[PDB]
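Chemist: As input, take upload27.txt (compact mmCIF, N, CA and C atoms):
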```txt
# COMPACT_ATOMS: atom_id res chain seq x y z
N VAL A 125 -125.38 -29.99 -3.36
CA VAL A 125 -124.11 -30.41 -2.77
C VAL A 125 -122.95 -30.05 -3.68
N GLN A 126 -121.77 -29.95 -3.06
CA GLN A 126 -120.55 -29.49 -3.70
C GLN A 126 -119.39 -30.33 -3.20
N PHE A 127 -118.33 -30.38 -4.00
CA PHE A 127 -117.14 -31.14 -3.63
C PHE A 127 -116.27 -30.37 -2.66
N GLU A 128 -115.64 -31.09 -1.74
CA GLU A 128 -114.69 -30.47 -0.83
C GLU A 128 -113.43 -30.06 -1.59
N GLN A 129 -112.97 -28.84 -1.34
CA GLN A 129 -111.77 -28.32 -1.96
C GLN A 129 -110.52 -28.91 -1.31
N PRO A 130 -109.37 -28.83 -1.99
CA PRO A 130 -108.18 -29.53 -1.51
C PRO A 130 -107.81 -29.16 -0.08
N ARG A 131 -107.46 -30.19 0.69
CA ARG A 131 -107.00 -30.00 2.06
C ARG A 131 -105.54 -29.55 2.05
N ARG A 132 -105.13 -28.90 3.13
CA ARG A 132 -103.72 -28.55 3.28
C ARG A 132 -102.95 -29.77 3.75
N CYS A 133 -101.99 -30.20 2.94
CA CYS A 133 -101.25 -31.42 3.20
C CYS A 133 -100.28 -31.24 4.36
N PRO A 134 -99.93 -32.33 5.04
CA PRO A 134 -98.86 -32.26 6.04
C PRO A 134 -97.53 -31.96 5.38
N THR A 135 -96.58 -31.53 6.20
CA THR A 135 -95.22 -31.29 5.74
C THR A 135 -94.28 -32.28 6.41
N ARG A 136 -93.19 -32.59 5.73
CA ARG A 136 -92.13 -33.35 6.35
C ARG A 136 -91.55 -32.53 7.49
N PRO A 137 -91.52 -33.05 8.72
CA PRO A 137 -90.88 -32.30 9.81
C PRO A 137 -89.42 -32.03 9.48
N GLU A 138 -88.92 -30.91 9.99
CA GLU A 138 -87.61 -30.40 9.58
C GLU A 138 -86.51 -31.43 9.78
N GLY A 139 -86.68 -32.33 10.73
CA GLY A 139 -85.65 -33.30 11.07
C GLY A 139 -84.84 -32.85 12.27
N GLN A 140 -83.98 -33.74 12.72
CA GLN A 140 -83.14 -33.50 13.88
C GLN A 140 -81.78 -32.99 13.43
N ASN A 141 -81.28 -31.96 14.11
CA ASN A 141 -79.93 -31.47 13.89
C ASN A 141 -78.97 -32.24 14.79
N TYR A 142 -77.93 -32.81 14.19
CA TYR A 142 -76.91 -33.54 14.92
C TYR A 142 -75.57 -32.81 14.82
N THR A 143 -74.95 -32.57 15.96
CA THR A 143 -73.57 -32.14 16.00
C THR A 143 -72.67 -33.37 16.01
N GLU A 144 -71.73 -33.42 15.07
CA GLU A 144 -70.72 -34.47 15.09
C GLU A 144 -69.72 -34.21 16.21
N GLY A 145 -69.18 -35.28 16.77
CA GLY A 145 -68.14 -35.09 17.76
C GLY A 145 -67.45 -36.39 18.09
N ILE A 146 -66.44 -36.26 18.94
CA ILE A 146 -65.68 -37.39 19.45
C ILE A 146 -65.96 -37.51 20.94
N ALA A 147 -66.30 -38.71 21.39
CA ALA A 147 -66.69 -38.91 22.78
C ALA A 147 -65.77 -39.91 23.47
N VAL A 148 -65.56 -39.67 24.76
CA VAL A 148 -64.97 -40.65 25.67
C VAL A 148 -65.97 -40.85 26.80
N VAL A 149 -66.43 -42.09 26.96
CA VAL A 149 -67.42 -42.44 27.97
C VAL A 149 -66.69 -43.08 29.13
N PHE A 150 -66.82 -42.48 30.31
CA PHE A 150 -66.23 -42.95 31.55
C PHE A 150 -67.31 -43.57 32.43
N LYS A 151 -66.97 -44.67 33.07
CA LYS A 151 -67.80 -45.33 34.06
C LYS A 151 -67.16 -45.18 35.43
N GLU A 152 -67.94 -45.48 36.47
CA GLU A 152 -67.40 -45.48 37.82
C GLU A 152 -66.32 -46.54 37.93
N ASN A 153 -65.19 -46.17 38.52
CA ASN A 153 -64.08 -47.10 38.67
C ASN A 153 -64.38 -48.06 39.81
N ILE A 154 -64.41 -49.36 39.50
CA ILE A 154 -64.52 -50.40 40.52
C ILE A 154 -63.22 -51.17 40.69
N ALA A 155 -62.20 -50.87 39.90
CA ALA A 155 -60.93 -51.58 40.00
C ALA A 155 -60.11 -51.06 41.17
N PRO A 156 -59.63 -51.93 42.05
CA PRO A 156 -58.73 -51.47 43.11
C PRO A 156 -57.43 -50.91 42.54
N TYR A 157 -56.90 -49.90 43.23
CA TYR A 157 -55.56 -49.42 42.95
C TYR A 157 -54.53 -50.51 43.27
N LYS A 158 -53.62 -50.75 42.34
CA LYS A 158 -52.65 -51.82 42.45
C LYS A 158 -51.24 -51.25 42.43
N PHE A 159 -50.36 -51.82 43.25
CA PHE A 159 -48.97 -51.40 43.28
C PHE A 159 -48.12 -52.53 43.84
N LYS A 160 -46.80 -52.33 43.80
CA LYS A 160 -45.84 -53.35 44.20
C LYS A 160 -45.33 -53.07 45.60
N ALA A 161 -45.19 -54.12 46.41
CA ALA A 161 -44.62 -53.99 47.74
C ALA A 161 -43.62 -55.11 47.96
N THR A 162 -42.85 -55.00 49.03
CA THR A 162 -41.92 -56.05 49.43
C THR A 162 -42.06 -56.27 50.93
N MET A 163 -42.27 -57.52 51.32
CA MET A 163 -42.34 -57.92 52.71
C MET A 163 -40.98 -58.43 53.16
N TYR A 164 -40.56 -58.00 54.34
CA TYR A 164 -39.35 -58.46 55.00
C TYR A 164 -39.79 -58.96 56.36
N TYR A 165 -39.67 -60.26 56.59
CA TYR A 165 -40.04 -60.81 57.88
C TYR A 165 -39.15 -62.01 58.17
N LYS A 166 -39.36 -62.62 59.32
CA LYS A 166 -38.57 -63.76 59.76
C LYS A 166 -39.51 -64.79 60.35
N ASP A 167 -39.51 -65.98 59.77
CA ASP A 167 -40.21 -67.10 60.36
C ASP A 167 -39.41 -67.59 61.56
N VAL A 168 -40.01 -67.50 62.74
CA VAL A 168 -39.38 -67.94 63.98
C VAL A 168 -40.14 -69.15 64.48
N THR A 169 -39.45 -70.27 64.59
CA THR A 169 -40.03 -71.51 65.08
C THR A 169 -39.29 -71.93 66.34
N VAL A 170 -40.03 -72.22 67.40
CA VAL A 170 -39.48 -72.85 68.59
C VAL A 170 -40.18 -74.19 68.74
N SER A 171 -39.42 -75.27 68.59
CA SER A 171 -39.95 -76.62 68.76
C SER A 171 -39.57 -77.14 70.13
N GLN A 172 -40.57 -77.57 70.89
CA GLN A 172 -40.37 -78.32 72.12
C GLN A 172 -40.59 -79.79 71.81
N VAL A 173 -39.54 -80.59 72.00
CA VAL A 173 -39.51 -82.00 71.65
C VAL A 173 -39.24 -82.81 72.91
N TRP B 174 -38.36 -68.04 78.13
CA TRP B 174 -37.07 -68.45 78.63
C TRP B 174 -36.18 -67.23 78.80
N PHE B 175 -35.52 -67.14 79.95
CA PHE B 175 -34.67 -66.00 80.28
C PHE B 175 -33.22 -66.44 80.17
N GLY B 176 -32.60 -66.17 79.02
CA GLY B 176 -31.18 -66.37 78.86
C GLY B 176 -30.40 -65.21 79.42
N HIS B 177 -29.09 -65.26 79.22
CA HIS B 177 -28.23 -64.17 79.68
C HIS B 177 -28.29 -63.05 78.65
N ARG B 178 -28.79 -61.89 79.07
CA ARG B 178 -28.90 -60.67 78.28
C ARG B 178 -29.97 -60.73 77.21
N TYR B 179 -30.81 -61.77 77.20
CA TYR B 179 -31.94 -61.81 76.28
C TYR B 179 -33.02 -62.71 76.86
N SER B 180 -34.26 -62.42 76.49
CA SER B 180 -35.41 -63.25 76.82
C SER B 180 -36.11 -63.65 75.53
N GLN B 181 -36.61 -64.88 75.48
CA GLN B 181 -37.21 -65.42 74.27
C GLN B 181 -38.51 -66.12 74.59
N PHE B 182 -39.52 -65.89 73.76
CA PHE B 182 -40.78 -66.63 73.87
C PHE B 182 -40.55 -68.08 73.45
N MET B 183 -40.58 -68.98 74.43
CA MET B 183 -40.65 -70.40 74.11
C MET B 183 -42.00 -70.76 73.51
N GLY B 184 -43.07 -70.10 73.94
CA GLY B 184 -44.37 -70.37 73.37
C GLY B 184 -45.39 -69.35 73.80
N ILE B 185 -46.44 -69.21 72.98
CA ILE B 185 -47.55 -68.33 73.31
C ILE B 185 -48.87 -69.04 73.00
N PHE B 186 -49.52 -69.57 74.03
CA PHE B 186 -50.80 -70.24 73.88
C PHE B 186 -51.92 -69.20 73.92
N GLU B 187 -52.74 -69.17 72.88
CA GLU B 187 -53.80 -68.18 72.75
C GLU B 187 -55.13 -68.89 72.64
N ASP B 188 -56.13 -68.40 73.38
CA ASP B 188 -57.42 -69.07 73.43
C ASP B 188 -58.51 -68.04 73.64
N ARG B 189 -59.71 -68.35 73.15
CA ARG B 189 -60.90 -67.55 73.37
C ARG B 189 -61.84 -68.32 74.29
N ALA B 190 -62.13 -67.75 75.45
CA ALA B 190 -62.99 -68.40 76.42
C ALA B 190 -64.32 -67.68 76.48
N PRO B 191 -65.45 -68.39 76.43
CA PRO B 191 -66.74 -67.71 76.55
C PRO B 191 -66.93 -67.12 77.94
N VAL B 192 -67.65 -66.01 77.99
CA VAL B 192 -68.08 -65.42 79.25
C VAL B 192 -69.39 -66.09 79.66
N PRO B 193 -69.44 -66.77 80.80
CA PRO B 193 -70.66 -67.50 81.17
C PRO B 193 -71.85 -66.58 81.37
N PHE B 194 -73.04 -67.14 81.14
CA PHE B 194 -74.30 -66.42 81.35
C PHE B 194 -74.32 -65.69 82.68
N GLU B 195 -73.85 -66.34 83.74
CA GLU B 195 -73.89 -65.76 85.07
C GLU B 195 -73.06 -64.48 85.13
N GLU B 196 -71.89 -64.47 84.49
CA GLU B 196 -71.08 -63.26 84.46
C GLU B 196 -71.70 -62.18 83.58
N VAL B 197 -72.26 -62.56 82.44
CA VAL B 197 -72.89 -61.58 81.56
C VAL B 197 -74.02 -60.88 82.28
N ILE B 198 -74.79 -61.62 83.08
CA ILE B 198 -75.93 -61.03 83.77
C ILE B 198 -75.50 -60.25 85.00
N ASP B 199 -74.74 -60.89 85.90
CA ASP B 199 -74.48 -60.29 87.20
C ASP B 199 -73.33 -59.29 87.19
N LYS B 200 -72.38 -59.42 86.26
CA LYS B 200 -71.23 -58.52 86.21
C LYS B 200 -71.32 -57.51 85.08
N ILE B 201 -71.46 -57.97 83.84
CA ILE B 201 -71.30 -57.09 82.69
C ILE B 201 -72.52 -56.20 82.51
N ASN B 202 -73.71 -56.80 82.45
CA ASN B 202 -74.92 -56.00 82.27
C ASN B 202 -75.29 -55.24 83.54
N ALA B 203 -74.95 -55.78 84.71
CA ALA B 203 -75.34 -55.14 85.96
C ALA B 203 -74.41 -54.00 86.36
N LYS B 204 -73.10 -54.17 86.18
CA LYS B 204 -72.12 -53.21 86.66
C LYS B 204 -71.11 -52.76 85.62
N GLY B 205 -71.11 -53.34 84.43
CA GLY B 205 -70.08 -53.04 83.44
C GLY B 205 -68.70 -53.52 83.82
N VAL B 206 -68.59 -54.66 84.49
CA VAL B 206 -67.31 -55.22 84.90
C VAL B 206 -67.26 -56.69 84.50
N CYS B 207 -66.04 -57.21 84.40
CA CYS B 207 -65.80 -58.63 84.21
C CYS B 207 -64.94 -59.16 85.35
N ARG B 208 -64.91 -60.48 85.49
CA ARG B 208 -63.92 -61.11 86.35
C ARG B 208 -62.57 -61.17 85.64
N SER B 209 -61.50 -61.04 86.42
CA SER B 209 -60.16 -61.20 85.88
C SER B 209 -59.82 -62.66 85.61
N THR B 210 -60.67 -63.59 86.03
CA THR B 210 -60.46 -65.01 85.81
C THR B 210 -61.35 -65.51 84.68
N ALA B 211 -60.85 -66.51 83.97
CA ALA B 211 -61.59 -67.22 82.94
C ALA B 211 -61.67 -68.69 83.33
N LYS B 212 -62.87 -69.14 83.68
CA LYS B 212 -63.13 -70.54 84.00
C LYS B 212 -64.03 -71.10 82.92
N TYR B 213 -63.55 -72.11 82.20
CA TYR B 213 -64.30 -72.58 81.04
C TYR B 213 -63.88 -74.00 80.69
N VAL B 214 -64.70 -74.65 79.87
CA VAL B 214 -64.46 -76.02 79.46
C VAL B 214 -63.75 -76.01 78.11
N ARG B 215 -62.52 -76.49 78.08
CA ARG B 215 -61.72 -76.61 76.87
C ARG B 215 -61.15 -78.02 76.81
N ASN B 216 -61.29 -78.67 75.66
CA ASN B 216 -60.75 -80.01 75.44
C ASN B 216 -61.19 -80.98 76.53
N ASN B 217 -62.47 -80.92 76.88
CA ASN B 217 -63.08 -81.80 77.88
C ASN B 217 -62.46 -81.61 79.26
N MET B 218 -61.95 -80.43 79.52
CA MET B 218 -61.33 -80.15 80.83
C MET B 218 -61.74 -78.76 81.31
N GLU B 219 -62.06 -78.66 82.59
CA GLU B 219 -62.34 -77.36 83.19
C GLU B 219 -61.02 -76.66 83.48
N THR B 220 -60.75 -75.58 82.76
CA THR B 220 -59.52 -74.83 82.90
C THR B 220 -59.82 -73.44 83.46
N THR B 221 -58.96 -72.99 84.37
CA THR B 221 -59.07 -71.70 85.02
C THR B 221 -57.80 -70.90 84.79
```
Go ahead and render the structure in this file as structure tokens.
Modeler:
Amino acid sequence: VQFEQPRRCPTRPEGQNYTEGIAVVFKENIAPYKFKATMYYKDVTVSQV
Amino acid sequence: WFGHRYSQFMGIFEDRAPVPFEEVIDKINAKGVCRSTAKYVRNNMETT
């Protein structure tokens, strides 16, 4: 019998390459559109007494 | 009320009257027509 010769060791995987950047994350808009209005009307009352 | 040179609503009474079973069956489903009259029970009174 004889001794086993050295095994080939694993290597550290190269790793992940990351690109740096600036992000803006948008979601679906659920907010209603809002604006200003003016109502012009006349309350008309006829009382029968 | 009909004044001189103008007319004015003294009042507008608005009501929802059910269509009776008999009309739904014999008029609406049978021929696609309604009666021009509404006969129904409102405020414990039969009104036409």
Chemist: Specify as a list in words all residues of chain B found within 8 Å of chain A, counting only N, CA and C atoms.
Modeler: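 Every residue of chain B that passes the 8 Å test is in residues 182, 183 and 184 of chain B.
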Chemist: Could you jot down the atom CA of residue B:219 to atom CA of residue B:188 separation for me, Å, one decimal place?
Modeler: 13.7 Å
Chemist: Give the padded box for stretch 186-203 of chain B as lines of an AutoDock Vina configuration file: axis-aligned, covering all atoms listed in the file, 5 Å on each side, centre and edge lengths in Å to one decimal.
Modeler:
```
center_x = -62.7
center_y = -62.1
center_z = 79.9
size_x = 36.4
size_y = 26.2
size_z = 24.6
```
Chemist: Write out as a PyMOL selection string which residues come within 6 Å of residue B:211 when counting all atoms listed in the file, dropping same-chain ones fewer than 3 positions away.
Modeler: chain B and resi 208+220-221
Chemist: Take atom CA of residue B:199 and atom CA of residue B:213 and report the distance between them in Å, one decimal.
Modeler: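 Separating atom CA of residue B:199 from atom CA of residue B:213 is a distance of 17.1 Å.
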Chemist: Run DSSP on the backbone and tell me which residues of chain B come out as strand (DSSP E); list them as a PyMOL selection string.
Modeler: chain B and resi 213-215+218-220
Chemist: Taking N, CA, C and O atoms as the atom set, what does stretch 204-221 of chain B look like once completed, written as a PDB file, in the frame of the given file?
Modeler:
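That gives us rebuild-v3.pdb:
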```pdb
ATOM      1  N   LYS B 204     -73.100 -54.170  86.180  1.00  0.00           N
ATOM      2  CA  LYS B 204     -72.120 -53.210  86.660  1.00  0.00           C
ATOM      3  C   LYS B 204     -71.110 -52.760  85.620  1.00  0.00           C
ATOM      4  O   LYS B 204     -70.315 -51.860  85.913  1.00  0.00           O
ATOM      5  N   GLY B 205     -71.110 -53.340  84.430  1.00  0.00           N
ATOM      6  CA  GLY B 205     -70.080 -53.040  83.440  1.00  0.00           C
ATOM      7  C   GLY B 205     -68.700 -53.520  83.820  1.00  0.00           C
ATOM      8  O   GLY B 205     -67.709 -52.846  83.492  1.00  0.00           O
ATOM      9  N   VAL B 206     -68.590 -54.660  84.490  1.00  0.00           N
ATOM     10  CA  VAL B 206     -67.310 -55.220  84.900  1.00  0.00           C
ATOM     11  C   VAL B 206     -67.260 -56.690  84.500  1.00  0.00           C
ATOM     12  O   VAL B 206     -68.286 -57.333  84.276  1.00  0.00           O
ATOM     13  N   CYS B 207     -66.040 -57.210  84.400  1.00  0.00           N
ATOM     14  CA  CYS B 207     -65.800 -58.630  84.210  1.00  0.00           C
ATOM     15  C   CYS B 207     -64.940 -59.160  85.350  1.00  0.00           C
ATOM     16  O   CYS B 207     -64.347 -58.403  86.118  1.00  0.00           O
ATOM     17  N   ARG B 208     -64.910 -60.480  85.490  1.00  0.00           N
ATOM     18  CA  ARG B 208     -63.920 -61.110  86.350  1.00  0.00           C
ATOM     19  C   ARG B 208     -62.570 -61.170  85.640  1.00  0.00           C
ATOM     20  O   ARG B 208     -62.497 -61.315  84.418  1.00  0.00           O
ATOM     21  N   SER B 209     -61.500 -61.040  86.420  1.00  0.00           N
ATOM     22  CA  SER B 209     -60.160 -61.200  85.880  1.00  0.00           C
ATOM     23  C   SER B 209     -59.820 -62.660  85.610  1.00  0.00           C
ATOM     24  O   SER B 209     -58.773 -62.929  85.011  1.00  0.00           O
ATOM     25  N   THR B 210     -60.670 -63.590  86.030  1.00  0.00           N
ATOM     26  CA  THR B 210     -60.460 -65.010  85.810  1.00  0.00           C
ATOM     27  C   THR B 210     -61.350 -65.510  84.680  1.00  0.00           C
ATOM     28  O   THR B 210     -62.453 -65.017  84.468  1.00  0.00           O
ATOM     29  N   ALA B 211     -60.850 -66.510  83.970  1.00  0.00           N
ATOM     30  CA  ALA B 211     -61.590 -67.220  82.940  1.00  0.00           C
ATOM     31  C   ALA B 211     -61.670 -68.690  83.330  1.00  0.00           C
ATOM     32  O   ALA B 211     -60.655 -69.384  83.337  1.00  0.00           O
ATOM     33  N   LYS B 212     -62.870 -69.140  83.680  1.00  0.00           N
ATOM     34  CA  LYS B 212     -63.130 -70.540  84.000  1.00  0.00           C
ATOM     35  C   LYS B 212     -64.030 -71.100  82.920  1.00  0.00           C
ATOM     36  O   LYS B 212     -65.157 -70.623  82.733  1.00  0.00           O
ATOM     37  N   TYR B 213     -63.550 -72.110  82.200  1.00  0.00           N
ATOM     38  CA  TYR B 213     -64.300 -72.580  81.040  1.00  0.00           C
ATOM     39  C   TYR B 213     -63.880 -74.000  80.690  1.00  0.00           C
ATOM     40  O   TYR B 213     -62.843 -74.488  81.134  1.00  0.00           O
ATOM     41  N   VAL B 214     -64.700 -74.650  79.870  1.00  0.00           N
ATOM     42  CA  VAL B 214     -64.460 -76.020  79.460  1.00  0.00           C
ATOM     43  C   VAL B 214     -63.750 -76.010  78.110  1.00  0.00           C
ATOM     44  O   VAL B 214     -64.324 -75.568  77.105  1.00  0.00           O
ATOM     45  N   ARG B 215     -62.520 -76.490  78.080  1.00  0.00           N
ATOM     46  CA  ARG B 215     -61.720 -76.610  76.870  1.00  0.00           C
ATOM     47  C   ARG B 215     -61.150 -78.020  76.810  1.00  0.00           C
ATOM     48  O   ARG B 215     -60.604 -78.501  77.809  1.00  0.00           O
ATOM     49  N   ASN B 216     -61.290 -78.670  75.660  1.00  0.00           N
ATOM     50  CA  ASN B 216     -60.750 -80.010  75.440  1.00  0.00           C
ATOM     51  C   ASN B 216     -61.190 -80.980  76.530  1.00  0.00           C
ATOM     52  O   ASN B 216     -60.386 -81.751  77.069  1.00  0.00           O
ATOM     53  N   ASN B 217     -62.470 -80.920  76.880  1.00  0.00           N
ATOM     54  CA  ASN B 217     -63.080 -81.800  77.880  1.00  0.00           C
ATOM     55  C   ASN B 217     -62.460 -81.610  79.260  1.00  0.00           C
ATOM     56  O   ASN B 217     -62.483 -82.531  80.087  1.00  0.00           O
ATOM     57  N   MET B 218     -61.950 -80.430  79.520  1.00  0.00           N
ATOM     58  CA  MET B 218     -61.330 -80.150  80.830  1.00  0.00           C
ATOM     59  C   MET B 218     -61.740 -78.760  81.310  1.00  0.00           C
ATOM     60  O   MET B 218     -61.740 -77.820  80.516  1.00  0.00           O
ATOM     61  N   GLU B 219     -62.060 -78.660  82.590  1.00  0.00           N
ATOM     62  CA  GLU B 219     -62.340 -77.360  83.190  1.00  0.00           C
ATOM     63  C   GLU B 219     -61.020 -76.660  83.480  1.00  0.00           C
ATOM     64  O   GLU B 219     -60.247 -77.110  84.333  1.00  0.00           O
ATOM     65  N   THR B 220     -60.750 -75.580  82.760  1.00  0.00           N
ATOM     66  CA  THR B 220     -59.520 -74.830  82.900  1.00  0.00           C
ATOM     67  C   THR B 220     -59.820 -73.440  83.460  1.00  0.00           C
ATOM     68  O   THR B 220     -60.814 -72.808  83.091  1.00  0.00           O
ATOM     69  N   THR B 221     -58.960 -72.990  84.370  1.00  0.00           N
ATOM     70  CA  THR B 221     -59.070 -71.700  85.020  1.00  0.00           C
ATOM     71  C   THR B 221     -57.800 -70.900  84.790  1.00  0.00           C
ATOM     72  O   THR B 221     -56.700 -71.395  85.063  1.00  0.00           O
TER      73      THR B 221
END
```
